[PDB]
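Encoded as structure tokens, the structure appears first; notes follow it.
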There are 2 protein chains.
Amino acid sequence: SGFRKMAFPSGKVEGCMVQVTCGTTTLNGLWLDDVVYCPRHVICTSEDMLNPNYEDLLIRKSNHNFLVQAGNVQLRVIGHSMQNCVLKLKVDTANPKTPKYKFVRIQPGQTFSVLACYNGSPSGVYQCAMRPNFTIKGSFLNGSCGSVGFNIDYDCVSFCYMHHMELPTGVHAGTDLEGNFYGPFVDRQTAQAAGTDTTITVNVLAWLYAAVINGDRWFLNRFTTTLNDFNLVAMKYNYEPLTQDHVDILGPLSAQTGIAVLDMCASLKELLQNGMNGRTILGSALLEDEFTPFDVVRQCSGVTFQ
Amino acid sequence: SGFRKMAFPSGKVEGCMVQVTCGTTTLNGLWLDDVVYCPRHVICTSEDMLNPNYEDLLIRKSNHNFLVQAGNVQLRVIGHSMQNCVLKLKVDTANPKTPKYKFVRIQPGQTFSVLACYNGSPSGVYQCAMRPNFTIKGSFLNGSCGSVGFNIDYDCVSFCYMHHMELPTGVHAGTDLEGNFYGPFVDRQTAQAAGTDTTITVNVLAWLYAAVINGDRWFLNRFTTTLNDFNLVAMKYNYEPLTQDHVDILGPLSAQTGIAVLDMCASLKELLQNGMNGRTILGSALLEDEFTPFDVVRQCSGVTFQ
Ligand SMILES: *[C@H](O)[C@H](C[C@@H]1CCNC1=O)NC(=O)[C@@H]1CC2(CCCC2)CN1C(=O)OCc1ccccc1
Ligand SMILES: *[C@H](O)[C@H](C[C@@H]1CCNC1=O)NC(=O)[C@@H]1CC2(CCCC2)CN1C(=O)OCc1ccccc1
């Protein structure tokens, strides 16, 4: 028992991280087979970072303008292209440590592990959610761009995030590995802002089931609710709507605990209306929304990866 | 910016995990050079787990009673010995993936990353503290024994914990890698219990400095306190005493923020006496004590490992 914000083991991704330098800019790249993926803002200069024209900026570059370092071994670039907001650096050596992998574009509400990196060297790993407003509340400093977010399914690394920038509220924005930003953000230093966020309702409910699986029961009640009536309360506390789909995904956890999904919605309603009154759930004094129903089942069941 | 419960990259440890089977018991071992380290309770039977005599139990074993699997490759045991509560299985093959490593026995209050494993296969990584009462609040199921806790310093893995058991409150107990339990616990199924825990004061203060570094300032005040007077308040809220040593370790963070250590103790006092009054610090509605001063500096500065 116990319940922790668990990240995936990071070894398969660590073996893929490299340093990319262009001009006076250094950041991280992701080396898979003979291609290095990194944010295209690496070709930006400190002068045109307000409204850069990246096609224009890239056609001026040569392969040798890109310094790629994998450990203490220099990778030679033999080609470059840009796909949306990511640069693809073709190198003459395929990464022998390339795991089985996929690129996936996740939905808001989904979680992933971030391997934070500086100078192509990993600093730490932590678990994130894609917020409903398409930011992530990460931990990123200067130099962390090109660090990736990912999930693992048995032996396969699904890459889902690459870090590009920090917004004025201190939250973070980035792209999928094909370079499409999550949310309305753009890779120029303009007046963007996160947009109103909401709490991921289906995840809160998952975490309440995690609590029950682990012996916290104090928040349960005998009442129930309809899905419509629950969503009327959710709206007013800035929770996102719960769909019949969400109810269905919560099926297994409902079945394991014996607590109908709508019954747990009724507990969530009372928690929203009364607060927690000095008590904690799974070591938290807030309702936690960065565990998906899948995350809860994986951790409470002991699923491994290889 | 941002502040997350960050674990060390787990790749160096993943390459060391193996499965150890003895009789009807399977758990994890740690393969470093030609030795596999695992909990000695692997030789226990479901009959004598109340008061087992492990010397007696071990002298009855042969090498071939131990099945060690590294991936899908069987490791042959050519010798065994017991050191305190860990078994050392000598195998005929040195782990080519052996990192540079040390064994260290940590003090309560110190943090480490846990690579949770089942059947020699990693499940997840998360950050822990050694509680003052020498338990850890982990996430461990059947089969997780032999999962290790660790820190990394540049290129060197310092192993500090190996998981052995779960206590009736759902918290966890284990040993250092030389098999000495942390705390008064013993590897038999008797009437042990965790003992009263306390909050790690120096770590709470570190995390308040993390908050200031990241822009949370609402909890600061103009007052100050003496170390004695602070500790009078700490005692009553079940915080452990703050020593001049702790004050000294908090030096760098004090210097970076411009907030004297005793000034931040005065904020902590008011937080203890008034609660947080609906506000959060670094996304938490509780005072967080599982970040050491070192953890804060590492994350807010961007230190990497290689
Ligand atoms: C890549 O290493 C950084 C990561 C930032 C630095 C602070 N925290 C982070 O996550 N990315 C950027 O600095 C990014 C590059 C930029 C150039 C043109 C388009 C994108 C501007 N930018 C950015 O995040 O600007 C906002 C910012 C900058 C510094 C500090 C806070 C916020
Ligand atoms: C090793 O895989 C397990 C890990 C436990 C299982 C539940 N959560 C965990 O962390 N260790 C044990 O089961 C451990 C072995 C034992 C045999 C003789 C000495 C030690 C008994 N024991 C243990 O933790 O007992 C308490 C317990 C058992 C099952 C469920 C909850 C608590």
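Letters A, B, ... go to the chains of the structure tokens in the order shown; residues in each chain start at 1; ligands are counted from 1 in the same order.
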### Message
Neighbours of ligand 1 at 9 Å or closer, counting only C-alpha atoms and all ligand atoms: which residues, as JSON, numbers by chain?
### Response
{"A": [25, 26, 27, 28, 39, 40, 41, 42, 44, 45, 46, 48, 49, 50, 51, 52, 118, 138, 139, 140, 141, 142, 143, 144, 145, 146, 147, 163, 164, 165, 166, 167, 168, 169, 170, 171, 172, 173, 186, 187, 188, 189, 190], "B": [1, 2]}
For chain B, work out the contacting residues on chain A at 8 Å, counting only C-alpha atoms, and write them as a PDB file with N, CA, C and O atoms, in the first residue's frame.
ATOM      1  N   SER A   1       0.802  -1.214   0.000  1.00  0.00           N
ATOM      2  CA  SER A   1       0.000   0.000   0.000  1.00  0.00           C
ATOM      3  C   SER A   1       0.847   1.282   0.000  1.00  0.00           C
ATOM      4  O   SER A   1       2.087   1.235  -0.107  1.00  0.00           O
ATOM      5  N   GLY A   2       0.158   2.419   0.111  1.00  0.00           N
ATOM      6  CA  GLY A   2       0.736   3.729  -0.096  1.00  0.00           C
ATOM      7  C   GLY A   2       0.451   4.238  -1.500  1.00  0.00           C
ATOM      8  O   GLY A   2       0.199   3.477  -2.432  1.00  0.00           O
ATOM      9  N   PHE A   3       0.497   5.560  -1.661  1.00  0.00           N
ATOM     10  CA  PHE A   3       0.190   6.147  -2.958  1.00  0.00           C
ATOM     11  C   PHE A   3       1.058   7.374  -3.183  1.00  0.00           C
ATOM     12  O   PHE A   3       1.017   8.322  -2.388  1.00  0.00           O
ATOM     13  N   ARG A   4       1.847   7.347  -4.252  1.00  0.00           N
ATOM     14  CA  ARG A   4       2.852   8.364  -4.512  1.00  0.00           C
ATOM     15  C   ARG A   4       2.724   8.891  -5.929  1.00  0.00           C
ATOM     16  O   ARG A   4       2.280   8.174  -6.827  1.00  0.00           O
ATOM     17  N   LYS A   5       3.150  10.144  -6.135  1.00  0.00           N
ATOM     18  CA  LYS A   5       3.223  10.670  -7.492  1.00  0.00           C
ATOM     19  C   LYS A   5       4.369   9.997  -8.218  1.00  0.00           C
ATOM     20  O   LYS A   5       5.523  10.423  -8.126  1.00  0.00           O
ATOM     21  N   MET A   6       4.049   8.942  -8.942  1.00  0.00           N
ATOM     22  CA  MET A   6       5.038   8.018  -9.458  1.00  0.00           C
ATOM     23  C   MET A   6       5.346   8.389 -10.900  1.00  0.00           C
ATOM     24  O   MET A   6       4.421   8.533 -11.700  1.00  0.00           O
ATOM     25  N   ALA A   7       6.627   8.526 -11.241  1.00  0.00           N
ATOM     26  CA  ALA A   7       7.043   8.709 -12.628  1.00  0.00           C
ATOM     27  C   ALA A   7       7.446   7.364 -13.229  1.00  0.00           C
ATOM     28  O   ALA A   7       7.755   6.419 -12.505  1.00  0.00           O
ATOM     29  N   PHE A   8       7.442   7.279 -14.566  1.00  0.00           N
ATOM     30  CA  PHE A   8       7.969   6.087 -15.211  1.00  0.00           C
ATOM     31  C   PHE A   8       9.481   6.035 -15.020  1.00  0.00           C
ATOM     32  O   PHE A   8      10.134   7.074 -14.908  1.00  0.00           O
ATOM     33  N   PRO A   9      10.061   4.836 -14.961  1.00  0.00           N
ATOM     34  CA  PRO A   9      11.522   4.728 -15.009  1.00  0.00           C
ATOM     35  C   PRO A   9      12.035   5.448 -16.253  1.00  0.00           C
ATOM     36  O   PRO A   9      11.461   5.326 -17.332  1.00  0.00           O
ATOM     37  N   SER A  10      13.093   6.235 -16.086  1.00  0.00           N
ATOM     38  CA  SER A  10      13.521   7.177 -17.113  1.00  0.00           C
ATOM     39  C   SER A  10      14.675   6.657 -17.967  1.00  0.00           C
ATOM     40  O   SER A  10      15.120   7.368 -18.874  1.00  0.00           O
ATOM     41  N   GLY A  11      15.176   5.445 -17.697  1.00  0.00           N
ATOM     42  CA  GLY A  11      16.389   4.976 -18.369  1.00  0.00           C
ATOM     43  C   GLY A  11      16.305   4.979 -19.889  1.00  0.00           C
ATOM     44  O   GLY A  11      17.274   5.330 -20.571  1.00  0.00           O
ATOM     45  N   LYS A  12      15.161   4.575 -20.446  1.00  0.00           N
ATOM     46  CA  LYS A  12      15.074   4.463 -21.900  1.00  0.00           C
ATOM     47  C   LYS A  12      15.206   5.821 -22.570  1.00  0.00           C
ATOM     48  O   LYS A  12      15.742   5.916 -23.683  1.00  0.00           O
ATOM     49  N   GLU A  14      16.753   8.584 -20.951  1.00  0.00           N
ATOM     50  CA  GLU A  14      18.090   9.088 -20.659  1.00  0.00           C
ATOM     51  C   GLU A  14      19.059   8.753 -21.781  1.00  0.00           C
ATOM     52  O   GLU A  14      19.894   9.587 -22.157  1.00  0.00           O
ATOM     53  N   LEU A 115      11.479  14.101 -18.063  1.00  0.00           N
ATOM     54  CA  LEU A 115      12.891  13.968 -17.735  1.00  0.00           C
ATOM     55  C   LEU A 115      13.539  15.322 -17.998  1.00  0.00           C
ATOM     56  O   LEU A 115      13.822  15.684 -19.155  1.00  0.00           O
ATOM     57  N   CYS A 117      16.329  18.071 -18.238  1.00  0.00           N
ATOM     58  CA  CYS A 117      17.683  17.941 -18.730  1.00  0.00           C
ATOM     59  C   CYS A 117      18.288  19.315 -18.935  1.00  0.00           C
ATOM     60  O   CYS A 117      17.590  20.278 -19.260  1.00  0.00           O
ATOM     61  N   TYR A 118      19.596  19.387 -18.734  1.00  0.00           N
ATOM     62  CA  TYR A 118      20.392  20.563 -19.052  1.00  0.00           C
ATOM     63  C   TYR A 118      21.643  20.072 -19.752  1.00  0.00           C
ATOM     64  O   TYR A 118      22.281  19.120 -19.285  1.00  0.00           O
ATOM     65  N   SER A 121      22.111  16.462 -20.331  1.00  0.00           N
ATOM     66  CA  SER A 121      22.338  15.605 -19.172  1.00  0.00           C
ATOM     67  C   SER A 121      21.126  15.642 -18.247  1.00  0.00           C
ATOM     68  O   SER A 121      20.683  16.732 -17.862  1.00  0.00           O
ATOM     69  N   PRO A 122      20.569  14.494 -17.874  1.00  0.00           N
ATOM     70  CA  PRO A 122      19.333  14.505 -17.073  1.00  0.00           C
ATOM     71  C   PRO A 122      19.540  15.046 -15.668  1.00  0.00           C
ATOM     72  O   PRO A 122      20.522  14.731 -14.995  1.00  0.00           O
ATOM     73  N   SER A 123      18.581  15.854 -15.222  1.00  0.00           N
ATOM     74  CA  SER A 123      18.593  16.448 -13.890  1.00  0.00           C
ATOM     75  C   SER A 123      17.632  15.753 -12.931  1.00  0.00           C
ATOM     76  O   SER A 123      17.947  15.608 -11.749  1.00  0.00           O
ATOM     77  N   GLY A 124      16.474  15.318 -13.415  1.00  0.00           N
ATOM     78  CA  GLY A 124      15.470  14.733 -12.548  1.00  0.00           C
ATOM     79  C   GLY A 124      14.274  14.286 -13.354  1.00  0.00           C
ATOM     80  O   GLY A 124      14.115  14.618 -14.546  1.00  0.00           O
ATOM     81  N   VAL A 125      13.428  13.505 -12.697  1.00  0.00           N
ATOM     82  CA  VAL A 125      12.211  13.022 -13.339  1.00  0.00           C
ATOM     83  C   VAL A 125      11.028  13.282 -12.418  1.00  0.00           C
ATOM     84  O   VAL A 125      11.125  13.153 -11.191  1.00  0.00           O
ATOM     85  N   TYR A 126       9.924  13.714 -13.004  1.00  0.00           N
ATOM     86  CA  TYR A 126       8.739  13.975 -12.212  1.00  0.00           C
ATOM     87  C   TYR A 126       7.534  13.772 -13.100  1.00  0.00           C
ATOM     88  O   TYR A 126       7.626  13.803 -14.337  1.00  0.00           O
ATOM     89  N   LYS A 137       2.383  22.405 -15.341  1.00  0.00           N
ATOM     90  CA  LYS A 137       3.030  23.052 -14.204  1.00  0.00           C
ATOM     91  C   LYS A 137       4.310  22.269 -13.941  1.00  0.00           C
ATOM     92  O   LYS A 137       4.347  21.343 -13.127  1.00  0.00           O
ATOM     93  N   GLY A 138       5.369  22.627 -14.662  1.00  0.00           N
ATOM     94  CA  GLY A 138       6.610  21.891 -14.620  1.00  0.00           C
ATOM     95  C   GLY A 138       7.625  22.509 -13.680  1.00  0.00           C
ATOM     96  O   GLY A 138       7.333  23.382 -12.856  1.00  0.00           O
ATOM     97  N   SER A 139       8.851  22.027 -13.802  1.00  0.00           N
ATOM     98  CA  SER A 139       9.956  22.640 -13.088  1.00  0.00           C
ATOM     99  C   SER A 139      11.062  22.741 -14.129  1.00  0.00           C
ATOM    100  O   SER A 139      11.720  21.740 -14.434  1.00  0.00           O
ATOM    101  N   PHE A 140      11.243  23.946 -14.682  1.00  0.00           N
ATOM    102  CA  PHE A 140      12.081  24.158 -15.861  1.00  0.00           C
ATOM    103  C   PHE A 140      12.852  25.448 -15.686  1.00  0.00           C
ATOM    104  O   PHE A 140      12.262  26.479 -15.347  1.00  0.00           O
ATOM    105  N   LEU A 141      14.154  25.400 -15.940  1.00  0.00           N
ATOM    106  CA  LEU A 141      15.001  26.568 -15.876  1.00  0.00           C
ATOM    107  C   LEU A 141      15.559  26.834 -17.266  1.00  0.00           C
ATOM    108  O   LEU A 141      15.314  26.087 -18.200  1.00  0.00           O
ATOM    109  N   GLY A 170       4.593  31.536 -14.845  1.00  0.00           N
ATOM    110  CA  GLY A 170       5.477  30.484 -14.381  1.00  0.00           C
ATOM    111  C   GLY A 170       5.069  29.072 -14.737  1.00  0.00           C
ATOM    112  O   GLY A 170       5.682  28.125 -14.230  1.00  0.00           O
ATOM    113  N   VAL A 171       4.061  28.888 -15.581  1.00  0.00           N
ATOM    114  CA  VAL A 171       3.714  27.578 -16.097  1.00  0.00           C
ATOM    115  C   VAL A 171       4.355  27.438 -17.467  1.00  0.00           C
ATOM    116  O   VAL A 171       4.906  28.387 -18.017  1.00  0.00           O
ATOM    117  N   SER A 284      -2.656  14.602   1.241  1.00  0.00           N
ATOM    118  CA  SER A 284      -2.906  15.893   0.613  1.00  0.00           C
ATOM    119  C   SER A 284      -4.060  16.607   1.310  1.00  0.00           C
ATOM    120  O   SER A 284      -5.048  15.979   1.708  1.00  0.00           O
ATOM    121  N   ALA A 285      -3.918  17.920   1.495  1.00  0.00           N
ATOM    122  CA  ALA A 285      -5.007  18.741   1.995  1.00  0.00           C
ATOM    123  C   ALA A 285      -5.775  19.425   0.874  1.00  0.00           C
ATOM    124  O   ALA A 285      -6.671  20.223   1.151  1.00  0.00           O
ATOM    125  N   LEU A 286      -5.438  19.131  -0.373  1.00  0.00           N
ATOM    126  CA  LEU A 286      -6.172  19.566  -1.554  1.00  0.00           C
ATOM    127  C   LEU A 286      -6.663  18.348  -2.320  1.00  0.00           C
ATOM    128  O   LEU A 286      -6.109  17.254  -2.196  1.00  0.00           O
ATOM    129  N   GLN A 299      -0.551   1.811 -10.384  1.00  0.00           N
ATOM    130  CA  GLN A 299       0.172   1.858  -9.112  1.00  0.00           C
ATOM    131  C   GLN A 299      -0.426   0.907  -8.085  1.00  0.00           C
ATOM    132  O   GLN A 299       0.310   0.269  -7.318  1.00  0.00           O
ATOM    133  N   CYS A 300      -1.754   0.816  -8.021  1.00  0.00           N
ATOM    134  CA  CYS A 300      -2.341  -0.062  -7.028  1.00  0.00           C
ATOM    135  C   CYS A 300      -2.268  -1.534  -7.426  1.00  0.00           C
ATOM    136  O   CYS A 300      -2.453  -2.400  -6.561  1.00  0.00           O
ATOM    137  N   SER A 301      -1.928  -1.838  -8.683  1.00  0.00           N
ATOM    138  CA  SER A 301      -1.815  -3.219  -9.147  1.00  0.00           C
ATOM    139  C   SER A 301      -0.378  -3.694  -9.321  1.00  0.00           C
ATOM    140  O   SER A 301      -0.133  -4.903  -9.265  1.00  0.00           O
ATOM    141  N   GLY A 302       0.574  -2.790  -9.541  1.00  0.00           N
ATOM    142  CA  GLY A 302       1.966  -3.186  -9.662  1.00  0.00           C
ATOM    143  C   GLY A 302       2.440  -3.483 -11.069  1.00  0.00           C
ATOM    144  O   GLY A 302       3.336  -4.318 -11.248  1.00  0.00           O
ATOM    145  N   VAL A 303       1.855  -2.838 -12.078  1.00  0.00           N
ATOM    146  CA  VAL A 303       2.280  -3.073 -13.453  1.00  0.00           C
ATOM    147  C   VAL A 303       3.713  -2.595 -13.637  1.00  0.00           C
ATOM    148  O   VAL A 303       4.096  -1.514 -13.167  1.00  0.00           O
ATOM    149  N   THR A 304       4.507  -3.398 -14.350  1.00  0.00           N
ATOM    150  CA  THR A 304       5.900  -3.104 -14.661  1.00  0.00           C
ATOM    151  C   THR A 304       6.071  -2.877 -16.161  1.00  0.00           C
ATOM    152  O   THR A 304       5.139  -3.046 -16.955  1.00  0.00           O
ATOM    153  N   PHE A 305       7.301  -2.531 -16.545  1.00  0.00           N
ATOM    154  CA  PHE A 305       7.652  -2.270 -17.938  1.00  0.00           C
ATOM    155  C   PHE A 305       8.972  -2.947 -18.271  1.00  0.00           C
ATOM    156  O   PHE A 305       9.859  -3.074 -17.423  1.00  0.00           O
ATOM    157  N   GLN A 306       9.100  -3.379 -19.514  1.00  0.00           N
ATOM    158  CA  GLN A 306      10.345  -3.984 -19.950  1.00  0.00           C
ATOM    159  C   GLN A 306      10.540  -3.829 -21.445  1.00  0.00           C
ATOM    160  O   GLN A 306      11.019  -2.789 -21.890  1.00  0.00           O
TER     161      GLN A 306
END
### Message
Please determine, counting only C-alpha atoms and all ligand atoms, which residue among B:208, B:85, B:200, B:104 has the shortest atom-to-atom distance to ligand 2.
### Response
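Of B:208, B:85, B:200, B:104, the one nearest ligand 2, counting only C-alpha atoms and all ligand atoms, is B:85.
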### Straight-line distance linking CA of residue 21 (chain A) with CA of residue 67 (chain A), stated in Å to one decimal
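CA of residue 21 (chain A) sits 4.8 Å away from CA of residue 67 (chain A).
Using only C-alpha atoms, the protein and nucleic acid residues lying no more than 7 Å from residue 66 (chain B), apart from those fewer than 5 places from it along its own chain, are residues 20, 21, 22 and 77 of chain B.
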### Task
Write out as JSON, numbers by chain all residues of region 236-278 of chain A that backbone DSSP assigns to helix (DSSP H, G or I).
{"A": [236, 244, 245, 246, 247, 248, 249, 251, 252, 253, 254, 255, 256, 257, 261, 262, 263, 264, 265, 266, 267, 268, 269, 270, 271, 272, 273, 274]}
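Note that CA of residue 24 (chain B) and CA of residue 68 (chain B) are 13.5 Å apart.
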